[PDB]
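Encoded as C-alpha cells, the structure appears first; notes follow it.
Quick note: numbers below take in every heavy atom, side chains included, and nothing from hydrogens, waters or symmetry partners. Lettering follows sequence order; numbering is per chain, from 1.
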Protein chains: 6
Amino acid sequence: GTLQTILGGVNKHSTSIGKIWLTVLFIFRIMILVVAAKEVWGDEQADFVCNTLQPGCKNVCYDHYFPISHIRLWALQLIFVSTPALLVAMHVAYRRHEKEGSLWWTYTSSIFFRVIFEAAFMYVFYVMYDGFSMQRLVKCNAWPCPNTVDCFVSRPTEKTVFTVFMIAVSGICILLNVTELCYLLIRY
Amino acid sequence: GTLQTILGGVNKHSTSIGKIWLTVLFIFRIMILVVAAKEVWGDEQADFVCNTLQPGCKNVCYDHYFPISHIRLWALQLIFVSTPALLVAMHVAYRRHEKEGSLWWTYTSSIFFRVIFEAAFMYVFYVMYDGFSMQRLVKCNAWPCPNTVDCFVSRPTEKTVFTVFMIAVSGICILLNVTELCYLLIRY
Amino acid sequence: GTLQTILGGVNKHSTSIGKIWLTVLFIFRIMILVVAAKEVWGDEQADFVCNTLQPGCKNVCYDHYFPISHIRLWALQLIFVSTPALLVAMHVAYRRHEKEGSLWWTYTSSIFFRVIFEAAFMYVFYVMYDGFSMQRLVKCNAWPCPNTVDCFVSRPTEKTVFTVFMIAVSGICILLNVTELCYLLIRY
Amino acid sequence: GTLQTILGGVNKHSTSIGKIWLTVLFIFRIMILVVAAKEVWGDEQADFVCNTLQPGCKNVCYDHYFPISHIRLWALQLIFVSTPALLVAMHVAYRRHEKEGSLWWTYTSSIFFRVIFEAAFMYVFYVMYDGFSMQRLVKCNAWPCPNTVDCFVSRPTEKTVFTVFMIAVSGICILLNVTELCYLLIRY
Amino acid sequence: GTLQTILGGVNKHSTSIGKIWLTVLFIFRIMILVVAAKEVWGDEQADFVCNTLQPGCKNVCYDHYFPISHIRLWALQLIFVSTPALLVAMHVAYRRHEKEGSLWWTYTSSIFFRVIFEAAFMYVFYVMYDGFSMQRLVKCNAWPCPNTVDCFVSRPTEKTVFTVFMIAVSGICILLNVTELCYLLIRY
Amino acid sequence: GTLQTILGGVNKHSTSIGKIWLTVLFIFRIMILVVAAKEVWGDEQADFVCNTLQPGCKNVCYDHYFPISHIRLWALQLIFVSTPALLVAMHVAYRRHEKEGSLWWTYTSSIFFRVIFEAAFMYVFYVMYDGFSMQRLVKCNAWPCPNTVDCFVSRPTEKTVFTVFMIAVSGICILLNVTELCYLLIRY
C-alpha cells in the first residue's frame, strides 16, 4: 500500500549502495517475515508437548526455553534498523520546510546506528538460543516439573531453515553498511 | 494507509521536538503494540492453567489477577494521548475555515494533558500489577476455589519484556513533553 | 481509509460543537469498540462454564442471560446515531445538484433523532442487564437444567470497565446535543 | 474503500427516494450484516449440541433444520437486489461512450426486479424456517438418529433479534420501491 | 479496490454482450465465491465424522471422496476464464505503446478459450462428484478402514444449493459466449 | 492494490515475451498460491495423525517428512525470481535520476538469474520430496517413536494436484526465459 510509496521517497535520497542494495535486502527481510515465517511459529506453544502429568509444567518449560519468540525478535530488529532512516526523512523534510555538514553528519551517524542495532540483535540470537539450530528435544527441570521432563518442539527443522536465512541476510546488510562507511571515509 | 497521511498534517504543525521525536516515539509504540505485542497476549486465558477440579475456579482466578489485560490498557493509553493532538488539528482547521495567544494557549494545554494521561496510565500499571514483572505462579483463593489453588500464567517472560519496553518508551515521552514545556516557559 | 475522508465532508458542514466535539466523541467510541472492546467479547460463549452434566444446559443459560451481546448493542447504536448525519449529507448534496428554513428544519431534526436514539439504547442497556456491572456468577433454572445451575461468566471485570466507558461517553454526547439544541433555541 | 465511491456515482443518477432513502437502507442492511450479524452465526454448528451418543446424528440434524444459513440467505439477497442497479450504471456508461424512453424503460424495469427479488427472498425465509422466531429446542428423527433426539440451538434469541431487524428493513424497502413505481405511474 | 478499476478498462474495450452481461456474471460468480460460499466449506474436514475407532481412517476417507474441494475447483475456473481477457488487455496496451485483423483474431480466439475452459471445468465437476448433489452419507472401504465405514458429510444441503448456483451461472456464461461467436460469424 | 500499479511500470519496460507472457505467468502463480493453495496446507500438522501412544512421536515424524512446507518453498521461489526484476527497476530509475550496453548487460544478466533460481527450487522439490506425488501413508522410526509408526497425511491428493500445477507453470517459465535468451543471442 503506502509503504512502498514511503520507501520511494527515501529511495530518492541515498547513495549508490543505499538506494538499491540496502533497500532491497530490507524489503527482502520483511517479505520473508510476513508472508512465510510468521505462520511457521503460529503453533509454537499449542504443539509444544511434554511427557508429564504435572499441571503447569508445560507452561514453565516453554517459557524457560523460549523467553522471547524468534519472530518477535526479528520484528523488533526491523523496527530498530528502520527508525534512523525514518528520522533522516523527517529531519530533511523539516529542513526543507524552513528553507553539507548538517546532512553529512546525520547520514553518517544514521548508518552507524544501523550497524550497532544489526550486530546487537545478532548477538542476542546467539547467546539466548545457543547457536542457530533448534533441537527436537529439550530437557526441563524447572519447578513444578518433577525431576527432569522431556518436551518436544514443534517444527524444529523449518524454524532452523528460516533462522539461517534471516541471520545470513542480516550479516550481508552489515557488510553493505560497512562498505558505505568506507566510501564516506576515503572521501575525507 | 491514511494514518500516515493524517500524521503528515500534524507533523507540519508542531515544534522542534514535537515534529520529530514525539511523533516517532508515538509511531514506535503503535508498531510494537500492533505487529508484535498483540499476539503475545492472544492465548492469555486459553493457556491459563489451574491445578484443580473445581468448575469455574479458572474463570474467577484469571479475572482476579488480570482485571484488564495489558494490551487493552496500552490501547486506551495511546487513544488518550492522541486526542489532544486531534483536537488541535480540527481546532486549527476550523479557525482556518473562518478566516498568537489563541493557538499558544491551546498548544500549551495540549502538551499538558499528554503528560497527565501518560503519568496516570503509568501509575495504574504499577498499582494494579504490583511492579512490571509478571510471575509464573499465582495463588488464588477466591470463591469457588477450595482453599488456595495454584494457577500458571502463559508466557510470563515475553510479557515482561514487552512491558518493560512500553514503560521505558512512555517514560521517555514524558521527558520530551516536559522539555517542550520548559522551552515554552523560558520564552515567557 | 475512506471513512475519515467521508467524515471530513460532514466536518465542513456543522456548527461549533458539532464540527469538533461531537465528531471526536463519535470517532472515540468507534476506536474503543473496534481496536479494544471487540476482542474482550471474543470468547463470551466459549469460556462460559456451567457446573452440570446436562446436555444443552450451557446453551440455554447463556442465551437466557445474554439475549444480545454488549458489542452488538453498541454496533447497532453507532449505526443509528450516524444515519441522520448521513441523510443530511446526501440531502444537501442533492440540493446542491438541483441548484434557510429547509436546511434549518433538517439540521434541527437531525440532532433531535440522535438524542432519541442515544437515550433509547442507554435505556435498553439498563433494563436488559440490570445495571452496568457484570457478575461473576449467574444462577440458571431454565429447562433442561435440573433445579438451579451455577454458571460462570468470562472476563466480567474487563467487560464492566468497557461498559462504564461506553455509557459515560454516550451520556456526554447527549449533553453536547442538548446544548446545541439550546443554542438553536435561543436564536429563535 | 472504493464501494462508497462507486455508490456515489449511482447516487448522482436516481430519483428523490432512490437517491437517498433506498441507498441509505441498502447501506444500512450491509452494515448490520457485516459488522454485527456475521459473528452471531459464527459458531452455529460448533455449538449445536445433541443429547445422543450416535455418531453422525449431529451432522444430519443440523443439516436438516438449517439447509442454508440465515447469513448466507441475506448475502444472496443483497447481491440480487444490487445487480439491477449495477446493470443500469454500465448500460448508461456504455450509452455515454457511444454518444428518454431508453433510460425510462430500463429504470422502470430496474425497480421492478428489485421488488420481485426482495419479495422472493422474504417468502423463502418464511416457508423454510416457519416464521421469524428461532427455537431453543429442535426434535430430530432423521437417520441415523435413534428414535427422536433433542438438539439445542446456539444463541436463538440474538438470532431472532437480527432476523426481525433484517425482515423489517426489507419490508420498508419494498414500500419505498412501490411508491417510486406510483410516482412514475401517475406521470404516464 | 483496484480490481474494479482494472475491470473498468476491459469494460471500455469489448462488444455489446461482452461489455455488460459477461462482465456482470463474472463479478456475480466472484461475489458468491468470496462473500458466501468460501465459509460453507470452512469445516469440510473438521466436521467430517466417521463411525470407527481405526486411526487414520478419517483422513483416507475424506481424501478419497473429496480429491479436490469444490471451492478450489471454482477458484481455478475463474482464474482460467479471466486470463484470456488479461492477455488481450496487455496485448492491446503493448500495441498502443508501439504505435483490424490483428485485434479481430485475438478477440475471436479470446472468447474461444473461455468456452473451452468453462466447459472443461463443468465436465470435471460432473465426473468427479457424480452429479451436482452432495450426499449425507458416504461408505468408505479404503485401507486402513476395516470392512466398510460410514462417514458423514458436513452441511451437504447448503453445499448442494451453492453448487447448483455456480453450475447454472456457468452454463449461462457459455450461452452468452456462443451468441457472441455467432454475431462475429454472421459478420464474415 | 499497489502491486498491479508497480507491475505496470515494469510492464512498460521489457521485451515481447517479457512484457506479456512472463508477467502473466508470474501473476498466475501468485494467484494460485494466495487464493487457492494457501488453505490446502492450513491443517498440515493439525490433521497429521499417527497410530501411537508415544508422546512427541507426532512432532518428530511430521518434522522428519516435511522439513519445509510446500507453500513456504513456493513463497521463497517467487521472491527470488522477482528480485532481479526489482533491481533493474530501481537501477533504471537511478540512471534516469542522474541523467545501450549498460542496460543490455543488466537485462541479460537479469533473465540469467531467473533461470538459475527457477531451476534450483525445482531441483530442491524433487530431491527433498522424492517426486511430485504425496503419499497417504508415511512410516516413521525416528526417536522417540517405538519401532516403526504409521502416520497419515492430510489431503494428499489435493496437495498433489497443486504441486503438479506449480511445477508445470515453473517449467514453462524456464522455457520462456530461454527463448528470450536466444532472441538476444542471435542479435549479437
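- Neither the backbone nor the side chain of F:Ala93 comes within contact range of chain A; no heavy atom of the residue lies under 4.5 Å from a heavy atom of that chain.
- Only the side chain of F:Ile6 comes within less than 4.5 Å of a heavy atom of chain A; its backbone N, CA, C and O stay farther away.
- Residue pairs satisfying the salt bridge (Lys or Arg N to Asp or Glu O under 4.0 Å) criterion with at least one member in residues 4-33 of chain A, sequence neighbours excluded, are listed as follows: A:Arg29-A:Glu118.
- Heavy atoms closer than 4.5 Å to chain F are found in the side chain of A:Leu137, but not in its backbone.
- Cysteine sulfur proximity is not satisfied for A:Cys140 and A:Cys50, their SG distance being 2.5 angstrom or more.
- Two rings, from F:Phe125 and F:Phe132, have their centers 6.0 Å or more apart.
- At a 4.5 Å heavy-atom cutoff, A:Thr160 makes no contact with chain F through either its backbone or its side chain.
- In terms of non-hydrogen atom pairs under 4.5 Å with chain A, the most contact-rich of F:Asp63, F:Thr2, F:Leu76 is F:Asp63.
- Comparing F:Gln45, F:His64, F:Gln54, F:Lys38 by heavy-atom pairs within less than 4.5 Å of chain A, the highest count is held by F:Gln45.
- Salt bridge F:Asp43/F:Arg155: present, at least one basic N to carboxylate O contact under 4.0 Å.
- Heavy atoms closer than 4.5 Å to chain A are found nowhere in F:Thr5, neither backbone nor side chain.
- Heavy-atom distances place the side chain of F:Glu44, and not its backbone, under 4.5 Å from chain A.
- Considering every non-hydrogen atom in both F:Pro156 and F:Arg136, the closest pair reads CG-CG, 3.6 Å.
- F:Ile68 touches chain A through backbone and side chain together, each having a heavy atom under 4.5 Å away.
- Applying the ring-ring contact (aromatic ring centres under 6.0 Å, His included) definition to pairs two or more places apart or across chains, those involving residues 3-41 of chain F are E:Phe80-F:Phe28, F:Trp41-F:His70, F:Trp41-F:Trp74.
- A distance of 11.0 Å separates OG in F:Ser110 from NE2 in F:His91, rounded to the nearest 0.5 Å.
- Ranked by non-hydrogen atom pairs under 4.5 Å with chain A, the options F:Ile79, F:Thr83, F:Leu86 are led by F:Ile79.
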